[PDB]
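Form deposited without ligand GSH, single chain, as structure tokens, below.
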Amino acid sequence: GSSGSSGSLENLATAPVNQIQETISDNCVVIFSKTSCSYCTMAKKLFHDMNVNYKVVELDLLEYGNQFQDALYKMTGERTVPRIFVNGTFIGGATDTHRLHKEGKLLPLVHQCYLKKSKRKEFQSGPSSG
């Protein structure tokens, strides 16, 4: 916690939020959690047991954690952890994600990120200069 000399941050067009959007877009499953909660392990245990290659990231340890921490809070609307992101959509948290698998509302997506990738007759948005 820090008080005073607050209410002013450098201006830039490279917010930490955009950096994440790309991560979830490329990757298949990203779990943004910290090392201050217990549920943090639940998520890992859930996927780990499912044998579904997952990608967790500890913000607490990350120097710029307080940053990527907020950006997410806006994409989810809450500040709870861990945080599971599938297909650029906050399907829910540790508990929620756990329930889905049961109702089979999580697998249907897990088999999508990778699906529809193999080279095929399809136009995709890509950068180009010369």
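Residues carry their position along the shown sequence, with the first being 1.
The same protein also exists as the form solved in complex with ligand GSH; that form is not shown, yet it is the one meant from here on.
Contact annotation for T76: none of its heavy atoms lies within 4.5 Å of ligand GSH in the deposited bound form. Taking the partner from elsewhere, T80 is found to have a heavy atom lying within 4.5 Å of ligand GSH in the deposited bound form. None of the heavy atoms of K44 is located within 4.5 Å of ligand GSH in the deposited bound form. At a distance threshold of 4.5 angstroms between non-hydrogen atoms, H101 is out of contact with ligand GSH in the deposited bound form.
Proximity to ligand GSH in the deposited bound form, defined as a heavy atom within 4.5 Å, singles out one entry of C37, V56, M50, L62, which is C37.
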